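K.L.:
You'll find run.cif just under this line, and it carries mmCIF, C-alpha atoms and all ligand atoms.
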data_input
#
loop_
_atom_site.label_atom_id
_atom_site.label_comp_id
_atom_site.auth_asym_id
_atom_site.auth_seq_id
_atom_site.Cartn_x
_atom_site.Cartn_y
_atom_site.Cartn_z
CA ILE A 1 0.00 0.00 0.00
CA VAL A 2 1.40 3.36 -1.07
CA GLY A 3 0.25 6.49 0.74
CA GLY A 4 -1.79 4.63 3.36
CA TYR A 5 -1.75 4.39 7.13
CA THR A 6 -0.94 1.71 9.69
CA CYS A 7 -4.24 -0.13 10.26
CA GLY A 8 -3.61 -1.14 13.84
CA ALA A 9 -3.26 -4.73 15.01
CA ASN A 10 -6.21 -6.94 14.16
CA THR A 11 -8.45 -4.08 13.07
CA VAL A 12 -8.99 -5.82 9.68
CA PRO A 13 -9.94 -9.23 11.02
CA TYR A 14 -10.77 -10.88 7.70
CA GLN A 15 -7.33 -10.11 6.21
CA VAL A 16 -5.09 -13.08 5.65
CA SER A 17 -1.53 -13.55 4.53
CA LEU A 18 -0.70 -16.36 2.11
CA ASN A 19 2.66 -17.84 3.01
CA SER A 20 4.94 -20.20 1.09
CA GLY A 21 7.97 -19.69 3.31
CA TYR A 22 7.37 -15.94 3.11
CA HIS A 23 4.34 -13.65 2.58
CA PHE A 24 3.47 -13.44 -1.10
CA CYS A 25 -0.22 -12.39 -1.41
CA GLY A 26 -3.19 -11.34 0.62
CA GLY A 27 -6.63 -12.90 0.84
CA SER A 28 -9.94 -12.57 2.68
CA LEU A 29 -11.62 -15.01 5.04
CA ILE A 30 -15.20 -15.51 3.89
CA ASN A 31 -16.23 -18.27 6.33
CA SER A 32 -14.42 -20.49 8.82
CA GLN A 33 -12.96 -22.78 6.12
CA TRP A 34 -12.58 -20.69 2.95
CA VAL A 35 -10.42 -17.85 1.72
CA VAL A 36 -10.78 -15.84 -1.43
CA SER A 37 -7.75 -14.40 -3.23
CA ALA A 38 -6.51 -13.58 -6.73
CA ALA A 39 -5.97 -16.37 -9.26
CA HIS A 40 -2.62 -14.83 -10.19
CA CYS A 41 -1.53 -15.67 -6.63
CA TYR A 42 -1.89 -19.40 -7.28
CA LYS A 43 0.82 -21.75 -6.21
CA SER A 44 1.13 -25.09 -4.46
CA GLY A 45 2.12 -25.37 -0.80
CA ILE A 46 0.10 -22.47 0.65
CA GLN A 47 -0.16 -21.88 4.38
CA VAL A 48 -2.87 -19.39 5.30
CA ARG A 49 -1.99 -17.04 8.18
CA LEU A 50 -4.88 -15.50 10.07
CA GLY A 51 -4.83 -12.99 12.88
CA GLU A 52 -1.63 -11.35 11.65
CA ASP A 53 -0.36 -7.86 12.19
CA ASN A 54 3.45 -8.03 12.11
CA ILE A 55 4.13 -10.93 9.75
CA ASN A 56 7.67 -11.43 11.09
CA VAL A 57 6.85 -11.59 14.80
CA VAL A 58 4.57 -14.01 16.64
CA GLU A 59 2.35 -11.62 18.61
CA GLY A 60 -0.23 -14.02 20.00
CA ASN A 61 -3.39 -13.94 17.86
CA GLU A 62 -2.20 -15.91 14.84
CA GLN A 63 -3.70 -19.07 13.41
CA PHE A 64 -1.60 -20.88 10.81
CA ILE A 65 -3.62 -23.38 8.70
CA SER A 66 -2.47 -25.12 5.54
CA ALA A 67 -4.59 -25.18 2.42
CA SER A 68 -6.22 -28.49 1.42
CA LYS A 69 -7.62 -27.44 -1.96
CA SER A 70 -7.21 -24.48 -4.32
CA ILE A 71 -9.71 -23.64 -7.03
CA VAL A 72 -8.80 -21.10 -9.67
CA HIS A 73 -11.77 -19.62 -11.54
CA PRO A 74 -12.62 -21.77 -14.59
CA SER A 75 -12.22 -18.82 -16.98
CA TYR A 76 -9.14 -17.17 -15.48
CA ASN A 77 -6.96 -15.72 -18.24
CA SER A 78 -3.46 -14.97 -17.07
CA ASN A 79 -2.69 -12.72 -20.03
CA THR A 80 -5.56 -10.29 -19.51
CA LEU A 81 -6.20 -11.03 -15.78
CA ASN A 82 -9.86 -11.41 -16.55
CA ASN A 83 -11.55 -13.46 -13.79
CA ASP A 84 -8.64 -12.98 -11.38
CA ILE A 85 -10.16 -14.86 -8.47
CA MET A 86 -9.53 -18.14 -6.67
CA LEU A 87 -10.84 -19.97 -3.64
CA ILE A 88 -8.70 -21.73 -1.04
CA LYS A 89 -10.11 -24.32 1.37
CA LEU A 90 -8.42 -24.63 4.76
CA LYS A 91 -7.49 -28.07 6.09
CA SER A 92 -9.36 -27.28 9.33
CA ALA A 93 -11.79 -24.55 10.31
CA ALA A 94 -10.43 -21.37 11.80
CA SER A 95 -11.46 -20.32 15.27
CA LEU A 96 -13.47 -17.16 14.80
CA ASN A 97 -13.28 -14.35 17.37
CA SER A 98 -13.06 -10.55 17.43
CA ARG A 99 -9.64 -10.55 15.76
CA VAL A 100 -10.22 -13.34 13.22
CA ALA A 101 -13.54 -12.95 11.48
CA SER A 102 -15.12 -13.50 8.12
CA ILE A 103 -16.22 -10.78 5.75
CA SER A 104 -19.63 -10.97 4.09
CA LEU A 105 -20.09 -11.42 0.36
CA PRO A 106 -22.01 -8.65 -1.45
CA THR A 107 -25.65 -8.96 -2.41
CA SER A 108 -25.29 -6.10 -4.86
CA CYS A 109 -22.47 -4.42 -6.72
CA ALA A 110 -21.10 -1.15 -5.31
CA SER A 111 -21.43 2.06 -7.32
CA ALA A 112 -18.76 4.56 -8.33
CA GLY A 113 -18.12 7.05 -5.55
CA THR A 114 -18.51 4.43 -2.80
CA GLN A 115 -15.57 4.53 -0.31
CA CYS A 116 -13.74 1.38 0.43
CA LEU A 117 -10.97 0.08 2.62
CA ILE A 118 -8.02 -1.64 0.91
CA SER A 119 -5.35 -3.36 3.03
CA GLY A 120 -2.15 -5.36 2.73
CA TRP A 121 1.51 -5.95 3.40
CA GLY A 122 2.73 -4.88 -0.01
CA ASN A 123 5.29 -2.34 -1.17
CA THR A 124 4.84 1.15 0.24
CA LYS A 125 6.90 3.00 -2.41
CA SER A 126 5.97 4.12 -5.96
CA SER A 127 9.61 4.28 -6.89
CA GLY A 128 11.86 1.68 -5.28
CA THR A 129 10.95 -0.96 -2.71
CA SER A 130 10.11 -0.98 1.00
CA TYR A 131 8.02 -3.77 2.43
CA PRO A 132 6.30 -3.20 5.77
CA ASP A 133 6.13 -5.76 8.53
CA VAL A 134 2.67 -4.52 9.73
CA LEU A 135 -0.65 -4.23 7.91
CA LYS A 136 -1.26 -0.99 5.95
CA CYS A 137 -4.68 0.46 5.08
CA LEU A 138 -6.01 2.87 2.47
CA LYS A 139 -9.42 4.45 2.07
CA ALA A 140 -10.24 4.99 -1.58
CA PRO A 141 -13.30 5.52 -3.79
CA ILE A 142 -14.54 3.31 -6.60
CA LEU A 143 -14.06 5.20 -9.89
CA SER A 144 -16.57 5.38 -12.67
CA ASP A 145 -16.28 2.77 -15.38
CA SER A 146 -15.75 5.50 -17.94
CA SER A 147 -12.78 6.92 -16.06
CA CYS A 148 -11.39 3.38 -15.54
CA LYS A 149 -11.66 2.55 -19.26
CA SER A 150 -10.14 5.89 -20.19
CA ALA A 151 -7.16 5.19 -17.94
CA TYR A 152 -6.62 1.66 -19.37
CA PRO A 153 -7.91 1.61 -22.97
CA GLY A 154 -8.73 -1.82 -24.21
CA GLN A 155 -7.98 -3.55 -20.87
CA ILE A 156 -10.98 -3.25 -18.54
CA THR A 157 -13.58 -5.99 -18.68
CA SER A 158 -16.98 -6.21 -16.99
CA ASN A 159 -15.23 -8.20 -14.22
CA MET A 160 -12.98 -5.33 -13.17
CA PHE A 161 -13.33 -1.94 -11.51
CA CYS A 162 -10.91 0.85 -10.74
CA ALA A 163 -10.48 2.42 -7.32
CA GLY A 164 -8.09 5.03 -6.09
CA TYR A 165 -6.99 8.50 -7.11
CA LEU A 166 -6.30 9.72 -10.63
CA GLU A 167 -3.83 12.25 -9.24
CA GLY A 168 -1.67 9.40 -7.98
CA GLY A 169 0.10 9.02 -4.65
CA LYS A 170 -2.21 6.51 -3.03
CA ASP A 171 -2.70 2.97 -4.32
CA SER A 172 -2.24 -0.73 -3.64
CA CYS A 173 0.96 -2.27 -4.91
CA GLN A 174 3.03 -5.45 -5.37
CA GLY A 175 2.46 -7.79 -2.44
CA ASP A 176 -1.09 -6.51 -1.80
CA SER A 177 -2.46 -8.75 -4.58
CA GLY A 178 -5.28 -11.02 -3.56
CA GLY A 179 -6.27 -8.81 -0.63
CA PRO A 180 -9.61 -7.21 0.17
CA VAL A 181 -11.47 -4.16 -0.97
CA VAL A 182 -14.30 -3.76 1.54
CA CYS A 183 -17.11 -1.24 1.10
CA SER A 184 -19.96 -0.81 3.56
CA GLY A 185 -18.97 -3.98 5.32
CA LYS A 186 -18.99 -6.22 2.19
CA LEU A 187 -16.16 -7.68 0.12
CA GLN A 188 -16.48 -5.88 -3.23
CA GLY A 189 -12.99 -6.28 -4.69
CA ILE A 190 -9.77 -8.26 -4.85
CA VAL A 191 -6.44 -6.47 -5.43
CA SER A 192 -5.56 -7.52 -8.97
CA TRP A 193 -3.33 -5.26 -11.09
CA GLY A 194 -2.25 -1.79 -12.15
CA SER A 195 0.54 -0.11 -14.13
CA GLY A 196 3.23 0.54 -11.54
CA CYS A 197 1.87 1.84 -8.20
CA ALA A 198 0.33 5.20 -7.32
CA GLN A 199 1.14 6.74 -10.74
CA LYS A 200 -0.89 9.59 -12.13
CA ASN A 201 -3.85 8.45 -14.29
CA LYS A 202 -3.12 4.79 -13.47
CA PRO A 203 -5.42 3.74 -10.63
CA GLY A 204 -5.63 0.25 -9.19
CA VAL A 205 -7.70 -2.38 -10.90
CA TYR A 206 -9.71 -4.81 -8.80
CA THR A 207 -11.67 -8.02 -9.45
CA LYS A 208 -15.39 -7.26 -9.22
CA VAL A 209 -16.51 -9.78 -6.61
CA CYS A 210 -20.25 -9.19 -7.00
CA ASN A 211 -20.03 -10.95 -10.37
CA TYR A 212 -18.77 -14.13 -8.72
CA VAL A 213 -21.05 -14.67 -5.76
CA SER A 214 -23.00 -17.50 -7.43
CA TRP A 215 -19.80 -19.31 -8.37
CA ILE A 216 -18.38 -18.85 -4.89
CA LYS A 217 -21.48 -20.15 -3.14
CA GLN A 218 -21.90 -23.09 -5.45
CA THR A 219 -18.26 -24.05 -5.19
CA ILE A 220 -18.22 -23.93 -1.41
CA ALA A 221 -21.42 -26.00 -1.25
CA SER A 222 -19.82 -28.81 -3.24
CA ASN A 223 -16.22 -28.88 -1.98
CA CA B 301 2.63 -12.18 13.54
#
Would you write the structure of this file as structure tokens?
P.N.:
Amino acid sequence: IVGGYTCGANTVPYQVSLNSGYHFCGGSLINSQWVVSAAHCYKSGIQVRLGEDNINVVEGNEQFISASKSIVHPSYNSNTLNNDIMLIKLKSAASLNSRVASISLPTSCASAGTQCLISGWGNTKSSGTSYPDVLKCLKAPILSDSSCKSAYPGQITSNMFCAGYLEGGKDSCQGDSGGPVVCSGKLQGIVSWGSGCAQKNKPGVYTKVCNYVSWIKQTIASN
């Protein structure tokens, strides 16, 4: 997250870290046994880390649970990042409490102008690299589809939305991928892609979760 603020420990209780020996992507806990993330975060050997703030220090509220099954969206296209969403089943159910909690799926899509909370452990610089140990937060609005398509001609599908600031300076970034965009208490987006981080006229692009709720529910019901 570039241009954000330190969330505070366990104030984003649905945020997870995906770990394969190191943090590599975020995700969101959507019930006690399932996480949603970005398909471009797929790999084998995932351990899901819940209840994290500092990802390098054991602080006392963590739950570390390995994945038993990953399901990348059937129509994921790694060249265009269309349908950049996957589901991860945990080997055992998490213990839910005030600091480890699920986030609700949306019943409707959020409109442009809605303010959302984006969070993650990704790079905090637009030029260069600096990776934080603690969770960073950013409040940002959903942008109109016209402004999103004007920023990224030929690249925005119906399964994507833009959020952020056209002036630059505030954005998600590398390492935030897969993490949540929460608006009015619902998961509306997944950190997916962008050109660089926090550049002028290049806002973040997010998977539009409201388009996937039927697939998510059906998949969980059968796996
Ligand atoms: Ca920790």
K.L.:
For a quick check of understanding, using all atoms listed in the file, which of A:116, A:88, A:50, A:9 has the smallest distance to residue A:180?
P.N.:
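Of the candidates, the smallest distance to residue A:180 is held by A:116.
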K.L.:
For ligand CA 301 (chain B), list the contacting residues at 7 Å or closer, counting all atoms listed in the file, as a ChimeraX atom specification.
P.N.:
/A:52-59,62
K.L.:
To one decimal in Å, tell me the separation between atom CA of residue A:3 and atom CA of residue A:171.
P.N.:
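These atoms are spaced 6.8 Å apart.
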K.L.:
Which neighbours of residue A:159 fall inside 10 Å, counting all atoms listed in the file, when residues of the same chain fewer than 2 positions from it are skipped, and could you give them as a list in words?
P.N.:
residues 81, 82, 83, 84, 156, 157, 161, 189, 206, 207, 208, 209, 210, 211 and 212 of chain A
K.L.:
Can you pull out every residue within 10 Å of residue A:46, counting only C-alpha atoms, but drop anything in the same chain fewer than 3 positions away, and send it as a ChimeraX atom specification?
P.N.:
/A:17-21,23-24,42-43,49,65-70,88,90
K.L.:
Identify, on the basis of all atoms listed in the file, every residue whose closest approach to stretch 74-78 of chain A does not exceed 10 Å; exclude the query and any residue fewer than 6 positions from it along the same chain; express the result as a PyMOL selection string.
P.N.:
chain A and resi 38-40+84-86+215
K.L.:
Would you compute the distance between atom CA of residue A:202 and atom CA of residue A:137? Give it in Å to one decimal.
P.N.:
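Between atom CA of residue A:202 and atom CA of residue A:137 the gap works out to 19.1 Å.
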K.L.:
Could you list, as a ChimeraX atom specification, every residue within 9 Å of residue A:34, counting all atoms listed in the file and ignoring same-chain residues fewer than 4 positions away?
P.N.:
/A:28-30,87-90,93,220
K.L.:
So how many Å separate atom CA of residue A:111 and atom CA of residue A:145, to one decimal?
P.N.:
9.6 Å
K.L.:
Hey, which of A:184, A:44, A:177, A:6 ends up closest to residue A:122? Count all atoms listed in the file.
P.N.:
A:177
K.L.:
Ranking A:158, A:11, A:114, A:63 by minimum distance to residue A:47 and counting only C-alpha atoms, which one comes first?
P.N.:
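Going through A:158, A:11, A:114, A:63 one by one, the smallest distance to residue A:47 is for A:63.
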K.L.:
Taking (-6.2, 11.3, -13.5) in the file's own coordinates, collect the residues within 12 Å, counting all atoms listed in the file, and hand them back as a compact mmCIF listing (two decimals) with C-alpha atoms, in the frame of the given file.
P.N.:
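In the end it all went to result13.txt:
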# COMPACT_ATOMS: atom_id res chain seq x y z
CA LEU A 143 -14.06 5.20 -9.89
CA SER A 144 -16.57 5.38 -12.67
CA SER A 147 -12.78 6.92 -16.06
CA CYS A 148 -11.39 3.38 -15.54
CA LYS A 149 -11.66 2.55 -19.26
CA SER A 150 -10.14 5.89 -20.19
CA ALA A 151 -7.16 5.19 -17.94
CA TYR A 152 -6.62 1.66 -19.37
CA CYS A 162 -10.91 0.85 -10.74
CA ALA A 163 -10.48 2.42 -7.32
CA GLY A 164 -8.09 5.03 -6.09
CA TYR A 165 -6.99 8.50 -7.11
CA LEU A 166 -6.30 9.72 -10.63
CA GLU A 167 -3.83 12.25 -9.24
CA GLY A 168 -1.67 9.40 -7.98
CA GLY A 169 0.10 9.02 -4.65
CA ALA A 198 0.33 5.20 -7.32
CA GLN A 199 1.14 6.74 -10.74
CA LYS A 200 -0.89 9.59 -12.13
CA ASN A 201 -3.85 8.45 -14.29
CA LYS A 202 -3.12 4.79 -13.47
CA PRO A 203 -5.42 3.74 -10.63
CA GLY A 204 -5.63 0.25 -9.19
K.L.:
Which one is closest to residue A:129: A:205, A:173, A:182, A:190? Count all atoms listed in the file.
P.N.:
A:173
K.L.:
At a cut-off of 8 Å, using all atoms listed in the file, what residues contact residue A:136? Leave out same-chain residues fewer than 4 positions from it and give the result as a PyMOL selection string.
P.N.:
chain A and resi 1+4-7+119-121+132
K.L.:
Please determine, counting only C-alpha atoms, which residue among A:191, A:183, A:138, A:96 has the shortest atom-to-atom distance to residue A:160.
P.N.:
A:191
K.L.:
A:222, A:32, A:186, A:175: which is nearest residue A:133, counting only C-alpha atoms?
P.N.:
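When distances to residue A:133 are compared using only C-alpha atoms, the smallest one comes from A:175.
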K.L.:
Mind listing as a compact mmCIF listing (two decimals) with C-alpha atoms, in the frame of the given file all residues within 6 Å of (-18.9, -13.3, -2.6), counting all atoms listed in the file?
P.N.:
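This went into result-v5.txt:
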# COMPACT_ATOMS: atom_id res chain seq x y z
CA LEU A 105 -20.09 -11.42 0.36
CA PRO A 106 -22.01 -8.65 -1.45
CA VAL A 209 -16.51 -9.78 -6.61
CA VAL A 213 -21.05 -14.67 -5.76
K.L.:
For stretch 98-167 of chain A, write C-alpha atoms out as a PDB file, in the first residue's frame.
P.N.:
ATOM      1  CA  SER A  98     -13.063 -10.550  17.435  1.00  0.00           C
ATOM      2  CA  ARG A  99      -9.642 -10.554  15.756  1.00  0.00           C
ATOM      3  CA  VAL A 100     -10.220 -13.342  13.225  1.00  0.00           C
ATOM      4  CA  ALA A 101     -13.544 -12.946  11.478  1.00  0.00           C
ATOM      5  CA  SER A 102     -15.124 -13.503   8.117  1.00  0.00           C
ATOM      6  CA  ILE A 103     -16.221 -10.777   5.754  1.00  0.00           C
ATOM      7  CA  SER A 104     -19.626 -10.971   4.092  1.00  0.00           C
ATOM      8  CA  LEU A 105     -20.090 -11.417   0.357  1.00  0.00           C
ATOM      9  CA  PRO A 106     -22.009  -8.652  -1.448  1.00  0.00           C
ATOM     10  CA  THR A 107     -25.648  -8.963  -2.411  1.00  0.00           C
ATOM     11  CA  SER A 108     -25.293  -6.103  -4.861  1.00  0.00           C
ATOM     12  CA  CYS A 109     -22.475  -4.416  -6.723  1.00  0.00           C
ATOM     13  CA  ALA A 110     -21.105  -1.152  -5.305  1.00  0.00           C
ATOM     14  CA  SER A 111     -21.428   2.059  -7.319  1.00  0.00           C
ATOM     15  CA  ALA A 112     -18.765   4.560  -8.333  1.00  0.00           C
ATOM     16  CA  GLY A 113     -18.118   7.048  -5.546  1.00  0.00           C
ATOM     17  CA  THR A 114     -18.514   4.430  -2.797  1.00  0.00           C
ATOM     18  CA  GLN A 115     -15.568   4.535  -0.307  1.00  0.00           C
ATOM     19  CA  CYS A 116     -13.743   1.378   0.429  1.00  0.00           C
ATOM     20  CA  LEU A 117     -10.973   0.081   2.615  1.00  0.00           C
ATOM     21  CA  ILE A 118      -8.017  -1.642   0.915  1.00  0.00           C
ATOM     22  CA  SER A 119      -5.351  -3.364   3.029  1.00  0.00           C
ATOM     23  CA  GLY A 120      -2.148  -5.356   2.726  1.00  0.00           C
ATOM     24  CA  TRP A 121       1.514  -5.950   3.404  1.00  0.00           C
ATOM     25  CA  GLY A 122       2.733  -4.879  -0.014  1.00  0.00           C
ATOM     26  CA  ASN A 123       5.291  -2.337  -1.174  1.00  0.00           C
ATOM     27  CA  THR A 124       4.841   1.152   0.235  1.00  0.00           C
ATOM     28  CA  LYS A 125       6.898   3.003  -2.413  1.00  0.00           C
ATOM     29  CA  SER A 126       5.969   4.124  -5.956  1.00  0.00           C
ATOM     30  CA  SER A 127       9.614   4.276  -6.892  1.00  0.00           C
ATOM     31  CA  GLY A 128      11.858   1.682  -5.282  1.00  0.00           C
ATOM     32  CA  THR A 129      10.947  -0.956  -2.705  1.00  0.00           C
ATOM     33  CA  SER A 130      10.111  -0.981   0.995  1.00  0.00           C
ATOM     34  CA  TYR A 131       8.022  -3.775   2.428  1.00  0.00           C
ATOM     35  CA  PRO A 132       6.295  -3.204   5.767  1.00  0.00           C
ATOM     36  CA  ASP A 133       6.125  -5.757   8.528  1.00  0.00           C
ATOM     37  CA  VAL A 134       2.671  -4.515   9.726  1.00  0.00           C
ATOM     38  CA  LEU A 135      -0.647  -4.225   7.909  1.00  0.00           C
ATOM     39  CA  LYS A 136      -1.260  -0.986   5.954  1.00  0.00           C
ATOM     40  CA  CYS A 137      -4.682   0.460   5.085  1.00  0.00           C
ATOM     41  CA  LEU A 138      -6.011   2.868   2.466  1.00  0.00           C
ATOM     42  CA  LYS A 139      -9.421   4.452   2.073  1.00  0.00           C
ATOM     43  CA  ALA A 140     -10.243   4.986  -1.580  1.00  0.00           C
ATOM     44  CA  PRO A 141     -13.297   5.519  -3.791  1.00  0.00           C
ATOM     45  CA  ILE A 142     -14.537   3.309  -6.602  1.00  0.00           C
ATOM     46  CA  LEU A 143     -14.056   5.197  -9.892  1.00  0.00           C
ATOM     47  CA  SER A 144     -16.569   5.380 -12.674  1.00  0.00           C
ATOM     48  CA  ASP A 145     -16.277   2.769 -15.376  1.00  0.00           C
ATOM     49  CA  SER A 146     -15.746   5.502 -17.937  1.00  0.00           C
ATOM     50  CA  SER A 147     -12.776   6.917 -16.065  1.00  0.00           C
ATOM     51  CA  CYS A 148     -11.394   3.377 -15.537  1.00  0.00           C
ATOM     52  CA  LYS A 149     -11.664   2.553 -19.265  1.00  0.00           C
ATOM     53  CA  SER A 150     -10.138   5.889 -20.194  1.00  0.00           C
ATOM     54  CA  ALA A 151      -7.164   5.193 -17.938  1.00  0.00           C
ATOM     55  CA  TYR A 152      -6.616   1.659 -19.375  1.00  0.00           C
ATOM     56  CA  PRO A 153      -7.906   1.610 -22.971  1.00  0.00           C
ATOM     57  CA  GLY A 154      -8.729  -1.821 -24.211  1.00  0.00           C
ATOM     58  CA  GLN A 155      -7.978  -3.547 -20.874  1.00  0.00           C
ATOM     59  CA  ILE A 156     -10.981  -3.248 -18.536  1.00  0.00           C
ATOM     60  CA  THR A 157     -13.581  -5.994 -18.675  1.00  0.00           C
ATOM     61  CA  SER A 158     -16.981  -6.214 -16.990  1.00  0.00           C
ATOM     62  CA  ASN A 159     -15.228  -8.201 -14.216  1.00  0.00           C
ATOM     63  CA  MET A 160     -12.977  -5.332 -13.169  1.00  0.00           C
ATOM     64  CA  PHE A 161     -13.328  -1.936 -11.514  1.00  0.00           C
ATOM     65  CA  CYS A 162     -10.907   0.848 -10.737  1.00  0.00           C
ATOM     66  CA  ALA A 163     -10.479   2.423  -7.325  1.00  0.00           C
ATOM     67  CA  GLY A 164      -8.090   5.035  -6.087  1.00  0.00           C
ATOM     68  CA  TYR A 165      -6.986   8.500  -7.115  1.00  0.00           C
ATOM     69  CA  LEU A 166      -6.296   9.719 -10.627  1.00  0.00           C
ATOM     70  CA  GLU A 167      -3.830  12.246  -9.238  1.00  0.00           C
TER      71      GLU A 167
END
